[PDB]
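Participant: Fold the following.
(chains A and B)
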Amino acid sequence: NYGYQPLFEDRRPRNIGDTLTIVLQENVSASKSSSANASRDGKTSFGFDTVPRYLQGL
Amino acid sequence: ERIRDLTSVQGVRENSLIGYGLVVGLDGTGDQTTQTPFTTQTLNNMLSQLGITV
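Facilitator: Numbers count the residues shown, from 1 in each chain, chains lettered A, B, ... in the order given. Shown next is the structure:
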């Protein structure tokens, strides 16, 4: 005797020793990315090509 | 015979039971089974339990 068995219920595992089908379908995907930047450019100039007389000493 | 008609005894109560089944022997007035997949699914379950694998 295997005990009471439901008639219309779907066949499910209920006790120890019962079998069950596992459909292994795994799809995992993780990603991450980052960046940082900094820039600084500086140019400066001053030139006196021709200096008038009253400015010579300066 | 009035107290039995006016009161109820504590612990003497009724419960409700529910279940699912199939009714056969209809004269073409059953499920269409195209819009009710569970009818055919449970009929197949019963047949598999009885030893027939459709």
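Participant: Alongside chain A, which residues does chain B contribute?
Facilitator: B:20, B:21, B:22, B:41, B:42, B:43, B:45, B:46, B:48, B:49 (Cβ under 8 Å from any Cβ of the partner chain). In this view, the C-beta of every residue, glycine as well, is placed from N, C-alpha and C.
Participant: what residues are up against the closest residue to the second one other than its chain neighbours?
Facilitator: Read it as residue B:21. Excluding its sequence neighbours, the residue lying closest to residue B:21 (Cβ to Cβ, 6 or more residues apart in numbering or on different chains) is residue A:8, at 6.7 Å. Shown in contact with residue A:8 (Cβ atoms under 8 Å, 6 or more residues apart in numbering or on different chains): B:20, B:21, B:22, B:42, B:43, B:45, B:46.
Participant: how many neighbours does residue 21 have?
Facilitator: You didn't pick a chain, so chain A it is. 5 (other Cβ atoms under 10 Å in any protein chain shown).
Participant: Chain B, not that one
Facilitator: Neighbours of residue B:21 (other Cβ under 10 Å): 9.
Participant: residue of chain A with the smallest distance to chain B?
Facilitator: residue A:8 (4.0 Å; Cβ to the nearest Cβ).
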